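Only one chain comes next, encoded as structure tokens, the form solved without the partner chain.
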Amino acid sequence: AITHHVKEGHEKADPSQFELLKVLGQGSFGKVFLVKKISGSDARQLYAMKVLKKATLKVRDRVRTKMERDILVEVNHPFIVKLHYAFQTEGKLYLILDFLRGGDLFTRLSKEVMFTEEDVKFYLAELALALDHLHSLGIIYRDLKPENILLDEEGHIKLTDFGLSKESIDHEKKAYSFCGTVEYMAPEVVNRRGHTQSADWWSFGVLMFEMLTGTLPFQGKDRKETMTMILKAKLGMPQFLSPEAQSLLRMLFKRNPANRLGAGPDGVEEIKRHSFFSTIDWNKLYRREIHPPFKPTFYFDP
């Protein structure tokens, strides 16, 4: 067949259509800004804009920004951020995402020092559904940390950054990269022996421990000592933790990923049926019908 030498025409989304309001923080590969849509049907809408600068030379951050875009286009879940636009200019990549009005879980944790078990059970329950959804698509999230868990106006969670995630992990395939925050890494990530979706359940345990106690379970004087402490996995259990919390933590902190809670044939059901989550109605939770624990004039002359 002979090629028809013609070009398709489209009205392209451009960064000039988003008014820059303020910097929200730093994602895995660039800054995140609060922006307001100028034109079109969604004029006046607030969004979070993630920008990757000098994308042409930054090959590794560019390949992963594309994977992040691909992941966000594929996913449709209540607890995973929605992507509204993705576009590029010379040397820059842009992702336009939901603006989460409640800020991140790290800010809340830092202010409270530690959460009550009721609050932890809520956050972890929504997170378990989000992680399982990703796992069902062959994705390893890998970057669990409270900075990556955002809260909406109602107090429900959203996972928002997929730059360090891994796609196409199914059957006998393993990932071998060493990316993410060290303290949350599974031992198989630290020793470079290969990791699968079961690495996320170790990270889920670290996050659970940190939210319940205000401290990290495996941590040394520097990142290299933290790495060896993860490999020894000698856990000091704080005595204010309930028997249900202690059971879940011991079941997640299995160094052998094959023996870890959630790695068995029933997958996420092993976690959902744990006594720690016995009061959770998972159907109501998915429907966003469970009330979150936190939801983000003087003149008088009657």
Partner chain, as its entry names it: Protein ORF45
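Only residues modelled in both forms are compared. Definition used throughout: the rigid core is the maximal C-alpha set that superposes within 1.5 Å between two forms. Numbering follows the first chain given and starts at 1.
Below: the form deposited with the partner chain bound, not depicted.
Participant: Mind checking whether each of 218, 223 and 253 has a heavy atom within 4.5 Å of the partner chain in the bound PDB entry?
Facilitator: Checked in the bound PDB entry: all three residues contact the partner chain.
Participant: Would you kindly say which of 86, 100, 72, 109 lies with a heavy atom within 4.5 Å of the partner chain in the bound PDB entry?
Facilitator: In short, 109.
Participant: Of these, 175, 129, 114, 164, which has a heavy atom no more than 4.5 Å from the partner chain in the bound PDB entry?
Facilitator: Among 175, 129, 114, 164, a heavy atom within 4.5 Å of the partner chain in the bound PDB entry occurs only for 114.
Participant: Any chance residue 146 has a heavy atom within 4.5 Å of the partner chain in the bound PDB entry?
Facilitator: Residue 146 belongs to the contact set for the partner chain.
Participant: Residue 210 versus the partner chain, in the bound PDB entry: is there a non-hydrogen atom within 4.5 Å?
Facilitator: It does: once the partner chain is placed as it appears in the bound PDB entry, residue 210 has a heavy atom within 4.5 Å of it.
Participant: So, residue 192 and the partner chain: in the bound PDB entry, are they within 4.5 Å at any heavy atom pair?
Facilitator: The answer is no: residue 192 has no heavy atom within 4.5 Å of the partner chain.
Participant: Please run the contact check for residue 55 against the partner chain in the bound PDB entry: heavy atoms, 4.5 angstroms, yes or no?
Facilitator: The answer is no: residue 55 has no heavy atom within 4.5 Å of the partner chain.
Participant: Work out which of the listed stretches, 262-270, 244-252, 31-39, 47-55, brings a heavy atom within 4.5 angstroms of the partner chain in the bound PDB entry.
Facilitator: In the other structure, the partner sits against 244-252.
Participant: Any idea which of 216, 109, 86, 130 has its C-alpha shifted 2 Å or more between this form and the one not shown with the rigid core fixed?
Facilitator: With the rigid core superposed, the residue that stands out is 109.
Participant: Against the rigid core, is the Cα displacement of residue 255 between this form and the one not shown at least 2 Å?
Facilitator: Superposed on the core, residue 255 moves its C-alpha less than 2 Å between this form and the one not shown.
Participant: Cα of residue 165 displaced 2 Å or more between this form and the one not shown, core superposed?
Facilitator: Indeed, residue 165 is displaced by 2 Å or more.
Participant: Taking the rigid core as the superposition reference, indicate whether the CA of residue 45 shifts 2 angstroms or more between this form and the one not shown.
Facilitator: Where the cores coincide, residue 45 shows only a C-alpha shift between this form and the one not shown that is less than 2 Å.
Participant: Tell me whether residue 110 and residue 222 end up closer or farther apart in the bound PDB entry, going by their C-alpha atoms; the shift is 3 Å or more.
Facilitator: Result: farther.
Participant: Tell me whether residue 147 and residue 170 end up closer or farther apart in the bound PDB entry, going by their C-alpha atoms; the shift is 3 Å or more.
Facilitator: Between the C-alphas of residue 170 and residue 147, the gap narrows in the bound PDB entry (3 Å or more compared with this form).
Participant: Can you list the runs of 3 or more residues whose CA atoms move by 2 Å or more between this form and the one not shown, with the rigid core superposed?
Facilitator: Residues 1-12, 26-30, 53-61, 69-74, 106-116, 161-178 form the runs that move by 2 Å or more between this form and the one not shown.
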